[PDB]
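Below is one structure; the comments refer to it alone.
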Amino acid sequence: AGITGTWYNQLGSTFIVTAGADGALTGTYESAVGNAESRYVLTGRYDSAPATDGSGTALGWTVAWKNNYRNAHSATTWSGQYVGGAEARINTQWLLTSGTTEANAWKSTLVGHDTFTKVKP
Amino acid sequence: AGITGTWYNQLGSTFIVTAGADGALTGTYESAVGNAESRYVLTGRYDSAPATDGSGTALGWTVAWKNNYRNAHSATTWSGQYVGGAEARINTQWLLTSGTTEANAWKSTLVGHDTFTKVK
């Protein structure tokens, strides 16, 4: 039980994460969609001492979409919270920013929401 | 890469970052005052081989708002792009999620935008 483990989003992407004692998130992300192939490095942070009132655990992480196979010149950040329970879940909102010219900056950023579970949908 | 160094937003916050050869962003986010109680660990990633057509360099980072002195039970992610030159900028949009109960989850996430420059 906890953040550390292998998670899958509603699209079948694979989020392999370790939550360190210092508040660090490290691991790999493999996307089922987009200009992406195989695993990408991720790093992030999480609240290592969450409230004890029934609230979830805040967290966030980033993937820059460059690996040894492809480079999409873009990065996604997920911001969200881990919710413990019978079926543990990480509920997130995300921003995907692509590198653009100034004239195209208005359309540089996609927004969405991903929910992660330790069971693959 | 032009990213390593100290950046200032439009509201008096400061971050110091190192952009590693491997695409890592590592540093500290603080207030203009810079007292220890206002400093937090920052980590993220950037495109270490951006396009050469005039496009910006995509990047993102996270700060969880816990340090040795306080804990807001929340985390912000900034997603954006670095634009180089004499007037270098990091243009971002951000998401600040607080830990909530499920009944309050609908109001868990704030959204906004920050522009960072190398000058106060």
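Values below: every heavy atom of this structure, side chains too, minus hydrogens, waters and symmetry copies. Order of the sequence lines sets the chain letters (A, B, ...), proteins ahead of strands, with each chain counted from 1.
There is a path of hydrophobic side-chain contacts, each under 4.5 Å, that joins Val63(B) to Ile90(B). Clustering ILVMFWY residues whenever any of their side-chain heavy atoms sit less than 4.5 angstrom apart, transitively, puts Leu25(B) in the very cluster that holds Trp78(B). Both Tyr40(B) and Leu59(B) are assigned to one and the same hydrophobic cluster, defined by single-linkage of ILVMFWY side chains at heavy-atom distances under 4.5 Å. Hydrophobic clustering (side-chain heavy atoms under 4.5 Å, transitive across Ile, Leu, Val, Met, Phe, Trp, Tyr) groups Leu95(B) together with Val111(A).
Listed by first and then second residue, the side-chain hydrogen bond (donor to acceptor under 3.5 Å, both in side chains) pairs involving residues 80-89 of chain B are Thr100(A)-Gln81(B) (not counting sequence neighbours). Sorted by first then second residue, the salt bridge (charged side-chain N to carboxylate O under 4.0 Å, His left out) pairs that include residues 97-115 of chain A, not counting sequence neighbours, number zero.
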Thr26(A) vs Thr18(A), side chain to side chain donor-acceptor pair (under 3.5 Å): CA-CA, chis, key distance, verdict: CA-CA 5 Å; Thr26(A) 62; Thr18(A) 299; 4.6 Å; no
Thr76(A)/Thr62(A) under side chain to side chain contact (heavy atoms under 4.5 Å, CB included): CA gap, chis, key distance, verdict: CA-CA 6 Å; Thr76(A) 302; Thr62(A) 305; over 6 Å; no
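Exactly one residue among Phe15(A), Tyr8(A), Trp7(A) makes a ring-ring contact (aromatic ring centres under 6.0 Å, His included) with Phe116(A). That residue is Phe15(A).
Remark: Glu30(B) pairs with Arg39(B) by the salt bridge (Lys or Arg N to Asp or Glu O under 4.0 Å) rule, at least two apart or across chains. For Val119(B), the side-chain contact (heavy atoms from CB on, under 4.5 Å) criterion is met by no residue, not counting sequence neighbours. Every residue was checked against the side-chain contact (heavy atoms from CB on, under 4.5 Å) condition with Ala32(B), not counting sequence neighbours, and none meets it. By the side-chain contact (heavy atoms from CB on, under 4.5 Å) test, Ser74(B) is found to be paired with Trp65(B), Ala72(B), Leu96(B), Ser98(B), residues two or more places apart in sequence or in another chain being considered.
Aromatic ring centres of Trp61(A) and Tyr46(A) lie farther apart than the 6.0 Å criterion allows.
Heavy atoms of other residues, nucleotides or ligands lying less than 6.0 angstrom from CG of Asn68(A) number 12 at most.
Side chain of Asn67(B) to backbone of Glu37(B): a donor-acceptor contact under 3.5 angstrom is found.
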